[PDB]
Amino acid sequence: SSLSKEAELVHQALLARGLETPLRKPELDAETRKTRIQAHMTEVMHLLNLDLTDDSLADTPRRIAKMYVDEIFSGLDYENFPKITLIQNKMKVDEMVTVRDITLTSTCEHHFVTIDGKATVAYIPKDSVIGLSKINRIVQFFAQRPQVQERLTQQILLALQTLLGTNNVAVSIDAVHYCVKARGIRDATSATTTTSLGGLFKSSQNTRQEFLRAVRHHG
Amino acid sequence: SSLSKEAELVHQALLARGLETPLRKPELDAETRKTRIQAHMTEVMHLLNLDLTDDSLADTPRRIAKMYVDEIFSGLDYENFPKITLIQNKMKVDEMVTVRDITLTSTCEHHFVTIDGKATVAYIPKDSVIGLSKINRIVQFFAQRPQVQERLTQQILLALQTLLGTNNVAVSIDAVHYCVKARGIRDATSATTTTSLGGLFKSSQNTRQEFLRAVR
Amino acid sequence: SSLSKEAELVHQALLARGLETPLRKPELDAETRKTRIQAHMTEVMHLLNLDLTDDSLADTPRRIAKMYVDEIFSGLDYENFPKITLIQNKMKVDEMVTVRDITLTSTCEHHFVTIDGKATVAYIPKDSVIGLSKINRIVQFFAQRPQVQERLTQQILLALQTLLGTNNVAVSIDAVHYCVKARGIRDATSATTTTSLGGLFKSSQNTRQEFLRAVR
Amino acid sequence: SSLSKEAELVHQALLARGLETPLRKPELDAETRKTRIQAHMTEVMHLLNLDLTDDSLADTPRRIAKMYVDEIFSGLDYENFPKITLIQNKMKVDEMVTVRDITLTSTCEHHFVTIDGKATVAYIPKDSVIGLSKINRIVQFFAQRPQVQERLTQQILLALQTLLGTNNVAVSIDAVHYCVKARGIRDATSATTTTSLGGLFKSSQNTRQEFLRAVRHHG
Amino acid sequence: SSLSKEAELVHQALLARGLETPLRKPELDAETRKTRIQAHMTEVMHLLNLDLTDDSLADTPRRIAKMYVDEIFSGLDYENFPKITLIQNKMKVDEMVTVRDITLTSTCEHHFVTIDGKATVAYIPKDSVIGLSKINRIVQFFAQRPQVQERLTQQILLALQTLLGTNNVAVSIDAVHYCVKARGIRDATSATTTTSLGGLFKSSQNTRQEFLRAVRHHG
Amino acid sequence: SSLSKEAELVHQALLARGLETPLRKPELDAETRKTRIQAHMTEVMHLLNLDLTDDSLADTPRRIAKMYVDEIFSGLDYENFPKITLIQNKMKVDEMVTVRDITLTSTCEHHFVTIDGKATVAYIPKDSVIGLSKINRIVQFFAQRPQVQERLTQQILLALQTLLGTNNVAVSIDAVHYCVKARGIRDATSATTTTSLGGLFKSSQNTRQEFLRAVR
Amino acid sequence: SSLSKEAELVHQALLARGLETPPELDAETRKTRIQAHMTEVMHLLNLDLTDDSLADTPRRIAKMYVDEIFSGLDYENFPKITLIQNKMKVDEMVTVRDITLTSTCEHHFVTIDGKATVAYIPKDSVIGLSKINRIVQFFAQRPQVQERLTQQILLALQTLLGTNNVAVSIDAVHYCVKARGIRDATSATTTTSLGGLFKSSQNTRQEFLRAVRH
Amino acid sequence: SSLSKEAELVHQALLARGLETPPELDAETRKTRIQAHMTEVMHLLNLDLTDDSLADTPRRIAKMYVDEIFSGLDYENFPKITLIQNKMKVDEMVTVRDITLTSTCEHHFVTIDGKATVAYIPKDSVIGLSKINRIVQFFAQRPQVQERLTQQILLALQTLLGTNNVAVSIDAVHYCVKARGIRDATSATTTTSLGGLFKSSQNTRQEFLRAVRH
Ligand SMILES: Nc1nc2c(ncn2[C@@H]2O[C@H](COP(=O)(O)OP(=O)(O)OP(=O)(O)O)[C@@H](O)[C@H]2O)c(=O)[nH]1
Ligand SMILES: Nc1nc2c(ncn2[C@@H]2O[C@H](COP(=O)(O)OP(=O)(O)OP(=O)(O)O)[C@@H](O)[C@H]2O)c(=O)[nH]1
Ligand SMILES: Nc1nc2c(ncn2[C@@H]2O[C@H](COP(=O)(O)OP(=O)(O)OP(=O)(O)O)[C@@H](O)[C@H]2O)c(=O)[nH]1
Ligand SMILES: Nc1nc2c(ncn2[C@@H]2O[C@H](COP(=O)(O)OP(=O)(O)OP(=O)(O)O)[C@@H](O)[C@H]2O)c(=O)[nH]1
Ligand SMILES: Nc1nc2c(ncn2[C@@H]2O[C@H](COP(=O)(O)OP(=O)(O)OP(=O)(O)O)[C@@H](O)[C@H]2O)c(=O)[nH]1
Ligand SMILES: Nc1nc2c(ncn2[C@@H]2O[C@H](COP(=O)(O)OP(=O)(O)OP(=O)(O)O)[C@@H](O)[C@H]2O)c(=O)[nH]1
Ligand SMILES: Nc1nc2c(ncn2[C@@H]2O[C@H](COP(=O)(O)OP(=O)(O)OP(=O)(O)O)[C@@H](O)[C@H]2O)c(=O)[nH]1
Ligand SMILES: Nc1nc2c(ncn2[C@@H]2O[C@H](COP(=O)(O)OP(=O)(O)OP(=O)(O)O)[C@@H](O)[C@H]2O)c(=O)[nH]1
Ligand SMILES: [Ca+2]
Ligand SMILES: [Ca+2]
Ligand SMILES: [Ca+2]
Ligand SMILES: [Ca+2]
Ligand SMILES: [Ca+2]
């Protein structure tokens with residue numbers, strides 16, 4: 001109810017597709033949820049046998065709680081959705097616009113550790129041309145959630161289709177998963193690329209290959 | 001019976017294809033096999049005229065035995081098959097997922113020396129999406145065997161098809177073989193690429209080209 | 001008593017220096033600590049308003065518990081100290097030995113997020129020469145703790161001095177901190193280098209410069 | 001007794017320094033030792049449960065035996081020591097000559113797996129200037145042994161000092177150890193550098209730093 | 001007659017194709033031809049006004065003779081053909097196997113100076129899979145001749161098609177010719193690429209482009 | 001006699017130092033010597049079992065003979081020495097002038113096989129500043145002989161000092177020897193660096209390290 | 001009448017196509033007169049030609065024009081061509097890349113610095129490699145326009161090789177653009193001329209063009 | 001008499017040091033006469049000046065000499081200098097690197113292409129950054145010898161900044177060497193002029209020089 005019309009359009013579009021991140025309605029406010037998380041992380045640290053009396057560690061549970069609710073999972077709250085600016089396509093662009101090497105930082109939902117990546121996004125403007133920076137903001141909004149890279153790519157795609165009023169959008173993400181790099185198999189070199197293509201990017205081999213060939217060069 | 005359902009499924013698929021690594025059924029436990037290999041490697045080092053009274057060398061046979069059975073050849077034992085986790089394709093991905101630059105280390109079965117490479121794997125999820133690290137674990141499981149790169153590539157492919165429940169998988173491996181680089185011709189610059197393509201990666205030229213172009 | 005002689009020697013050296021990681025003595029076994037952490041992480045995820053009925057998410061608390069206790073923080077337990085092997089310096093090396101580009105992954109103790117870096121270690125062997133992989137194992141042991149990079153560097157240094165029986169050791173670490181890159185200021189380009197120098201690496205300007213120049 | 005005077009000078013110099021690789025006198029000939037090693041590796045392969053009836057594996061024990069005695073450990077036999085060619089230093093070079101990025105392949109003596117590296121060698125000619133290629137040959141000769149990188153560097157240094165008739169030699173080796181990379185800790189990125197410096201390279205800070213600064217750039 | 005079956009099969013195929021290096025039958029053993037080449041090269045040095053009494057220069061004619069007959073032109077003698085080892089294609093590979101960046105050193109037949117390059121070879125196994133090192137060996141065999149680059153490429157192709165029992169082979173070479181760089185026009189930058197494509201690699205546009213596109217990352 | 005004064009100064013200075021390429025006076029003219037060299041190379045090719053009726057090989061003896069006398073060994077004839085222009089150091093430069101990455105192609109005198117290198121030259125002008133291209137020309141002159149790298153470097157050094165009227169000259173050559181790469185050991189990676197330093201470049205440690213650090 | 005047979009074939013080819021670069025005195029006299037003119041110019045730039053560094057500049061310039069950088073105007077300077085039979089029956093393109101190319105802006109008389117890439121499919125004959133480099137530099141040593149230079153190299157090779165299957169690409173920095181006027185320090189210009197199969201056959205055309213970029 | 005105070009200080013400085021580049025007609029007339037001379041040269045190269053591409057080349061050249069590439073001979077073209085007080089009390093070197101530099105060989109009149117690196121330690125004043133680039137290019141737009149050009153930039157900056165603590169390094173490719181004569185396609189030339197502490201103080205000197213290389 002306190003959401004922008006843009007935020008609301010995108011959330012409902014995600015829900016109707018089955019794509020929304022698995023959520024429940026909060027019944028505690030954010031300040032209280034921060035506090036309760038802090039208490040729980042305090043115990044965790046005790047259960048790791050850490051000495052919380054040390055000046056360096058004493059504030060860690062508070063820092064973590066803050067980080068979870070306000071920082072890295074801020075994209076779970078649609079009040080944080082970016083404000084959307086659109087201008088008319090008076091200049092009548094009908095070739096793709098591409099924003100590449102977008103900084104993306106997320107968190108894998110199976111181990112709660114860092115995902116570090118880059119997104120590349122393109123679209124063919126129909127009636128509206130979006131403010132460039134809103135593209136980076138939308139990618140970062142969906143990334144500030146516990147994620148599976150596959151779902152993250154689909155979410156950013158559907159959101160952009162919805163705001164731009166066109167199906168002709170493509171999203172590609174290339175990322176290092178620290179769940180892979182820093183534990184378990186500990187593969188120091190691998191990276192994962194996922195792609196979600198809509199409209200002509202999916203179905204027009206020249207549009208599709210133009211997009212895909214362009215990604216290949218950087219990651 | 002002692003193997004996971006996944007591991008037994010992969011092994012039987014490899015066997016029906018003729019792709020399983022040349023194996024005989026085990027008659028001795030892993031620990032006595034280790035003990036005996038240690039015995040044989042002792043004589044080998046004697047026969048090389050090396051002095052085993054050297055502190056540096058004294059334990060090498062035991063180290064080697066331990067390495068063969070427990071590490072570089074641990075993929076000969078399906079009890080070491082990775083645990084497999086799959087989530088539902090509820091997000092409905094229908095474009096390829098590509099894990100590139102997978103660290104791979106193996107052993108050439110003709111000379112028993114190091115193979116050093118990188119794998120790239122892609123699949124189009126059907127009903128399931130695999131945990132990403134499981135792709136790196138599967139590649140390394142098959143790599144921890146005496147191998148011919150051509151067979152290694154096919155085994156990884158078929159194992160992944162079996163577990164993902166789809167033929168839409170592709171595997172590419174690029175590797176330096178030390179049996180080419182460190183002896184014989186001693187080619188210090190060359191490397192070998194092999195590729196195994198399934199379903200659309202083999203037959204669908206847009207999907208096939210998309211994967212092959214990405215590798216390069 | 002349950003720890004190796006090496007591990008106990010390192011721990012007591014760290015303790016006498018004031019360098020040990022802030023620890024309390026264990027009152028609960030590792031397995032019940034895991035069980036309990038799993039309980040707390042369940043509530044955390046509830047408090048984030050996440051839906052744990054999702055197949056993808058359902059097991060995350062258990063995965064996290066398991067990760068903290070058994071993997072990324074396993075260096076809090078000296079039973080996991082690496083086995084140490086030393087051979088006699090019979091070859092009489094008296095110039096530095098340098099292992100560079102050691103893979104290092106840690107966790108910042110202020111935000112509990114990933115630290116990703118590379119260590120470079122050098123020493124001048126006195127009576128003993130260490131097995132090379134043991135240098136990478138020691139770096140990673142200390143890294144698998146909640147850490148402040150400045151403390152991590154000093155702990156690696158002192159542990160190596162203790163085991164090598166010489167003060168002539170140097171440690172340098174270069175790392176990206178995700179608590180700087182992935183939240184707060186979100187500096188995507190920066191990195192931090194810390195360096196701890198012992199014996200001649202600190203005081204001898206030719207030895208000191210030789211190491212520092214090599215790092216760059 | 002069937003050794004060149006060069007080979008004999010170097011072997012005795014190594015022995016008197018305590019640096020020779022740990023060896024015993026053979027009492028079987030090489031052809032017989034190959035055969036006996038083949039028999040033992042055949043058992044090893046059986047103990048790995050491998051099927052030796054397969055065309056690909058049947059010849060592996062023979063290949064391995066051959067590789068050990070004639071290929072990778074050929075440097076254990078001083079009849080394989082390279083022939084040494086020297087010309088007078090009529091041109092009176094008194095500045096270092098440096099051969100860098102010498103291909104080096106060896107085998108670590110603790111696990112019997114590949115070492116892959118590059119050596120850099122320099123010396124200040126006194127009376128004699130060596131044929132360039134003999135430098136690479138000497139490095140490769142000592143490398144074709146089970147090795148510890150520390151001992152390998154010292155061996156190549158003393159050998160060159162002995163043949164060149166001067167102490168002013170330096171050796172640096174930078175190498176990837178597959179005992180580290182492909183088993184155990186499995187560190188995909190690290191590398192080890194060792195240095196052995198004689199004469200002015202050890203003791204003259206300008207000669208020493210000129211050598212060391214020059215290595216730094218490539219590895 | 002004294003050749004291996006593989007060497008004879010390949011030599012006859014090249015002769016029936018019209019592709020063999022222009023050879024005559026040797027009336028003199030190799031040792032005698034070295035001795036005579038040494039005599040001729042001794043005279044060439046005299047004719048260059050060089051002082052053969054110089055310690056550095058005295059053995060040069062013998063070194064050159066040994067080099068021509070036993071080293072850089074050893075591929076003129078099919079007794080030096082590689083041993084070929086093949087295993088059954090039981091694993092049923094039916095895609096391209098590619099060995100890239102094979103070290104190749106040869107000699108231009110027009111000026112007898114160094115060619116330095118890299119080969120890339122691919123094949124689709126039919127019934128057999130060749131030992132990888134034999135591909136490098138086969139490339140170097142043909143390279144150890146006075147060559148024209150475009151002939152060298154064709155000969156490697158036919159040799160490989162002959163041993164492997166399939167037309168589906170491709171060879172590509174990229175090389176610097178010192179008869180271009182070190183004399184005449186003295187072009188420091190240029191290089192030459194030649195391509196020989198058989199069976200599917202010539203005829204099947206996807207197979208052909210998969211090969212050619214993969215080479216492009218040669219240089 | 002038929003030389004430029006410069007050619008004669010350099011030749012004489014190299015003769016006194018003992019640095020000349022081992023030569024003796026010619027009894028035949030260049031044209032006769034080319035004809036005779038073509039006859040010897042004709043026979044060598046015949047003795048290699050090559051078939052001279054082939055159009056592509058037929059002219060090879062004549063090409064080689066031409067290449068030896070007039071091209072790759074043209075630096076043996078001091079009539080081929082570059083013309084030397086100098087302007088006055090009116091600008092009063094007193095810091096090294098460095099020409100780097102000079103193209104150098106030469107022949108190994110032990111095997112008669114290509115050497116491919118780069119030179120770096122620097123000098124501190126005294127009375128004269130040399131035409132920049134003349135430095136490239138001097139390097140290629142001495143390189144168009146059968147050489148050993150150590151001698152070549154000393155020759156270019158003294159030749160420059162004698163023409164510039166100052167000892168303050170430095171020469172560094174970095175080269176790949178095909179006698180190492182294409183035959184014998186066949187090391188595809190290695191390269192050789194030689195340096196010759198005169199005047200301040202040898203003794204003055206700031207001038208010395210300035211030149212050396214710049215070569216890298 | 002004093003040219004080689006090849007140099008005549010080429011020159012007639014270019015004339016007939018309309019593709020030649022747009023003779024009373026001998027080479028020696030034209031130098032003396034150029035040198036006289038360049039003297040006045042330096043006077044007109046207020047330079048002091050008594051300076052030792054400067055004194056000999058007019059003759060250097062004259063010599064550079066006639067004998068060096070515009071030596072390609074003289075077909076007596078055309079390279080010698082050697083062909084061998086295509087006995088080896090090569091029927092795939094042969095490509096020489098990164099050919100060193102240096103030339104002059106015909107509009108401002110300023111340095112052009114580039115690289116050429118040339119490919120052909122041998123029909124009956126296989127040209128010596130280094131002659132490809134020589135033909136490129138022959139045409140480059142003229143005042144040029146990059147578009148014309150590329151077309152000239154293409155027709156000449158086609159003529160000498162007895163096949164239309166030849167392709168030429170040149171990538172170059174013009175100091176007319178970098179050192180003067182707009183002073184764009186980063187830009188470069190690519191031109192391509194494609195003949196026979198390189199123009200018409202999409203796989204031959206794409207193989208060439210894909211190769212250039214990579 | 002028509003120059004700025006700074007341009008006069010610099011010109012006198014260079015004259016007094018012996019470091020100036022070695023005036024009857026106005027700029028407009030010298031162009032017309034240069035243009036007339038370049039016409040005859042093209043005639044003497046046997047070029048057809050009726051060609052549209054070629055027709056206007058003589059005037060382009062004249063204009064390029066007087067107004068563009070040799071515009072540095074005219075101190076009326078000397079850049080404007082703005083200094084601010086060193087209120088911030090910087091006493092460590094300030095370095096501008098990779099300054100775009102384009103010039104001409106005074107010996108063959110051929111393009112020089114380089115980069116300069118300049119450092120100084122501000123004493124009383126801090127120059128606007130872009131004026132450092134402008135001073136470098138002012139001296140470069142003359143027929144030059146690299147060794148002289150570097151010394152000129154150094155004295156000029158010293159004069160304008162009121163400190164001897166200035167250092168100049170230039171790294172450049174001369175087309176006199178690359179496109180002509182020996183045709184060395186890979187070589188480049190570095191020259192350095194060091195003043196005050198940059199010459200005398202080994203740590204200041206090494207800090208500058210170490211910085212250039214890296
Ligand atoms: N489409 C397009 N957008 C541009 C271009 N240059 C800037 N923009 C965008 O124009 C938008 C500005 O509109 P507003 O939303 O009012 O800007 P803002 O309020 O400051 O919001 P933010 O930029 O996100 O911080 C930004 O989002 C820019 O990315 C451009 O060249 N093309
Ligand atoms: N499909 C997909 N999987 C991911 C993603 N991020 C992490 N994963 C994987 O999800 C899987 C988690 O399942 P589990 O098998 O229970 O994890 P684990 O038991 O600790 O096993 P390991 O990861 O091998 O150590 C791991 O394989 C992760 O690497 C992602 O973005 N997409
Ligand atoms: N010092 C020096 N040696 C060189 C140079 N160029 C070639 N050489 C060496 O000269 C030696 C030739 O002498 P020999 O031992 O008779 O040559 P070889 O018998 O063919 O032996 P190998 O070269 O090892 O195969 C080689 O080892 C070359 O490395 C050089 O420029 N300087
Ligand atoms: N000093 C030195 N050590 C080496 C060299 N090559 C290998 N090593 C090390 O020698 C050690 C062997 O001792 P062990 O501890 O018995 O080997 P391990 O028990 O299998 O232990 P890990 O190597 O950690 O798996 C290993 O650490 C090797 O990495 C070398 O060249 N020099
Ligand atoms: N097809 C294939 N061959 C391999 C692979 N790894 C190693 N090889 C080859 O297996 C062959 C070994 O068979 P043999 O010919 O009997 O070995 P060899 O006699 O020592 O021959 P060389 O290796 O050439 O010295 C070598 O040619 C290797 O290059 C692989 O992964 N696939
Ligand atoms: N087709 C082909 N030509 C080559 C090859 N290697 C060298 N060449 C060239 O073959 C030509 C030999 O013919 P000639 O005209 O007699 O050589 P040249 O007279 O010395 O002329 P220049 O090479 O221009 O100095 C030279 O241009 C070589 O560069 C090759 O592998 N294939
Ligand atoms: N198409 C083409 N143009 C070239 C070539 N070389 C130089 N030019 C251009 O020819 C043009 C000359 O036309 P003008 O209008 O007289 O040049 P200008 O009046 O000095 O003005 P600017 O060139 O913009 O500084 C310039 O734009 C040059 O860049 C070339 O090889 N091909
Ligand atoms: N020291 C110095 N020399 C330069 C500079 N620019 C050009 N030169 C050189 O000045 C010299 C001109 O002298 P000349 O002997 O008349 O030149 P040339 O007769 O045409 O002979 P080459 O230059 O060798 O082709 C050439 O060597 C140029 O390389 C410079 O900036 N500094
Ligand atoms: Ca995970
Ligand atoms: Ca093998
Ligand atoms: Ca923090
Ligand atoms: Ca080991
Ligand atoms: Ca040699």
# chains A, B, ... in the order shown; residues from 1 in each chain; ligands from 1

call {"tool": "interface_residues", "arguments": {"of": "chain A", "to": "chain D", "cutoff": "12 Å", "atoms": "only C-alpha atoms", "output": "mmCIF file with C-alpha atoms, in the first residue's frame"}}
result
data_model
loop_
_atom_site.group_PDB
_atom_site.id
_atom_site.type_symbol
_atom_site.label_atom_id
_atom_site.label_comp_id
_atom_site.auth_asym_id
_atom_site.auth_seq_id
_atom_site.Cartn_x
_atom_site.Cartn_y
_atom_site.Cartn_z
ATOM 1 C CA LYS A 181 34.956 -20.956 -4.358
ATOM 2 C CA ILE A 185 34.845 -28.151 -3.725
ATOM 3 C CA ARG A 186 36.699 -24.807 -3.375
ATOM 4 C CA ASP A 187 37.041 -24.221 -7.124
ATOM 5 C CA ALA A 188 39.190 -21.051 -7.359
ATOM 6 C CA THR A 189 38.543 -20.556 -11.045
ATOM 7 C CA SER A 190 35.054 -21.322 -12.154
#

call {"tool": "residues_around", "arguments": {"residues": "stretch 64-74 of chain F", "least_positions_apart": "5", "cutoff": "9 Å", "atoms": "only C-alpha atoms", "output": "number ranges by chain"}}
result
E: 48, 110-112, 182-184; F: 30-31, 33-39, 41, 59, 80, 105-107, 141, 143-146

call {"tool": "write_last_selection", "arguments": {"atoms": "N, CA and C atoms", "output": "compact mmCIF listing (two decimals), in the first residue's frame"}}
result
# COMPACT_ATOMS: atom_id res chain seq x y z
N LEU E 48 83.37 -16.96 -47.60
CA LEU E 48 82.78 -15.81 -46.91
C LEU E 48 83.86 -14.96 -46.24
N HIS E 110 63.26 -22.02 -50.12
CA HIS E 110 63.76 -21.05 -51.12
C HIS E 110 65.02 -20.37 -50.67
N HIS E 111 65.15 -20.21 -49.35
CA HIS E 111 66.35 -19.59 -48.78
C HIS E 111 67.03 -20.36 -47.67
N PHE E 112 66.47 -21.49 -47.29
CA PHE E 112 67.07 -22.27 -46.21
C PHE E 112 67.26 -21.47 -44.91
N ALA E 182 64.16 -11.56 -41.80
CA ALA E 182 65.58 -11.39 -41.53
C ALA E 182 66.38 -10.93 -42.77
N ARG E 183 65.73 -10.89 -43.93
CA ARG E 183 66.39 -10.52 -45.21
C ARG E 183 65.33 -9.98 -46.16
N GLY E 184 65.77 -9.48 -47.30
CA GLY E 184 64.85 -8.87 -48.26
C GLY E 184 64.03 -7.71 -47.71
N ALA F 30 83.34 -10.40 -55.02
CA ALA F 30 82.06 -10.84 -54.44
C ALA F 30 81.27 -11.71 -55.42
N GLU F 31 81.31 -11.33 -56.69
CA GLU F 31 80.56 -12.00 -57.75
C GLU F 31 81.05 -13.43 -57.97
N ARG F 33 82.79 -15.25 -55.70
CA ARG F 33 82.45 -15.95 -54.46
C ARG F 33 80.97 -16.35 -54.37
N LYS F 34 80.07 -15.53 -54.91
CA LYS F 34 78.66 -15.93 -54.95
C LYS F 34 78.44 -17.14 -55.85
N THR F 35 79.07 -17.12 -57.02
CA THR F 35 79.03 -18.23 -57.97
C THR F 35 79.56 -19.54 -57.38
N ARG F 36 80.67 -19.45 -56.65
CA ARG F 36 81.28 -20.62 -56.04
C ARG F 36 80.40 -21.13 -54.88
N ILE F 37 79.87 -20.21 -54.07
CA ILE F 37 78.95 -20.59 -53.00
C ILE F 37 77.69 -21.26 -53.54
N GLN F 38 77.16 -20.75 -54.65
CA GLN F 38 76.05 -21.43 -55.29
C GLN F 38 76.43 -22.88 -55.70
N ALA F 39 77.65 -23.10 -56.22
CA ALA F 39 78.11 -24.45 -56.54
C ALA F 39 78.17 -25.38 -55.30
N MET F 41 76.47 -25.01 -52.45
CA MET F 41 75.13 -25.20 -51.89
C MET F 41 74.29 -26.12 -52.78
N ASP F 59 66.24 -22.87 -57.94
CA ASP F 59 66.98 -21.64 -57.81
C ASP F 59 67.53 -21.43 -56.41
N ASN F 80 80.01 -1.55 -46.42
CA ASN F 80 78.59 -1.53 -46.16
C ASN F 80 78.26 -0.80 -44.88
N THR F 105 68.41 -8.79 -36.23
CA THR F 105 68.36 -10.16 -36.74
C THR F 105 69.78 -10.54 -37.11
N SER F 106 70.21 -11.72 -36.69
CA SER F 106 71.59 -12.12 -36.81
C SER F 106 71.72 -13.61 -37.03
N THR F 107 72.94 -14.07 -37.20
CA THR F 107 73.20 -15.48 -37.39
C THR F 107 74.22 -16.02 -36.41
N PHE F 141 74.37 -3.52 -38.65
CA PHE F 141 75.63 -3.77 -39.34
C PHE F 141 76.36 -4.88 -38.60
N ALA F 143 75.24 -6.97 -36.62
CA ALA F 143 74.39 -8.15 -36.51
C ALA F 143 74.36 -8.96 -37.82
N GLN F 144 74.67 -8.29 -38.94
CA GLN F 144 74.69 -8.98 -40.23
C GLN F 144 76.06 -9.62 -40.42
N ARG F 145 76.43 -10.48 -39.48
CA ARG F 145 77.65 -11.28 -39.51
C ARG F 145 77.27 -12.58 -38.84
N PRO F 146 78.12 -13.62 -38.98
CA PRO F 146 77.95 -14.75 -38.07
C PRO F 146 78.44 -14.25 -36.73

call {"tool": "residues_around", "arguments": {"residues": "residue F:23", "least_positions_apart": "4", "cutoff": "12 Å", "atoms": "only C-alpha atoms", "output": "list in words"}}
result
residues 45, 46, 47, 48, 49, 50, 51, 52, 53, 54 and 57 of chain E; 11, 15, 19, 75, 76, 77, 78, 145 and 146 of chain F

call {"tool": "closest_atom_pairs", "arguments": {"of": "chain D", "to": "ligand 3", "cutoff": "10 Å", "atoms": "only C-alpha atoms and all ligand atoms", "output": "CSV"}}
result
residue,atom,partner,partner_atom_place_in_ligand_line,distance
D:82,CA,ligand 3,24 (O),7.3
D:83,CA,ligand 3,15 (O),6.6
D:84,CA,ligand 3,15 (O),6.1
D:85,CA,ligand 3,15 (O),4.5
D:86,CA,ligand 3,13 (O),7.5
D:87,CA,ligand 3,1 (N),7.6
D:88,CA,ligand 3,1 (N),9.8
D:89,CA,ligand 3,1 (N),9.3
D:97,CA,ligand 3,1 (N),8.5
D:125,CA,ligand 3,1 (N),9.4
D:128,CA,ligand 3,1 (N),8.9
D:129,CA,ligand 3,1 (N),5.2
D:130,CA,ligand 3,1 (N),4.8
D:131,CA,ligand 3,9 (C),3.3
D:132,CA,ligand 3,29 (O),3.2
D:133,CA,ligand 3,29 (O),3.2
D:134,CA,ligand 3,27 (O),4.8
D:135,CA,ligand 3,29 (O),7.6
D:136,CA,ligand 3,29 (O),8.4
D:137,CA,ligand 3,24 (O),7.0
D:138,CA,ligand 3,24 (O),9.9

call {"tool": "atom_distance", "arguments": {"atom1": "atom CA of residue H:214", "atom2": "atom CA of residue H:198"}}
result
17.5 Å

call {"tool": "select_by_dssp", "arguments": {"residues": "chain F", "states": "alpha helix (DSSP H)", "output": "PyMOL selection string"}}
result
chain F and resi 5-17+30-47+55-58+60-66+132-143+149-164+178-181+200-203+205-215

call {"tool": "residues_near_ligand", "arguments": {"ligand": "ligand 4", "cutoff": "8 Å", "atoms": "only C-alpha atoms and all ligand atoms", "output": "ChimeraX atom specification"}}
result
/B:59-60,63,66-67 /C:82-87,129-135,137 /D:108-111,147-151,177,179-180,183-185

call {"tool": "select_by_dssp", "arguments": {"residues": "stretch 34-130 of chain E", "states": "strand (DSSP E)", "output": "list in words"}}
result
residues 86, 87, 88, 97, 98, 99, 100, 101, 102, 103, 104, 105, 106, 107, 108, 114, 115, 116, 117, 118, 119, 120, 121, 122, 123, 128, 129 and 130 of chain E

call {"tool": "atom_distance", "arguments": {"atom1": "atom CA of residue C:56", "atom2": "atom CA of residue A:63"}}
result
26.5 Å
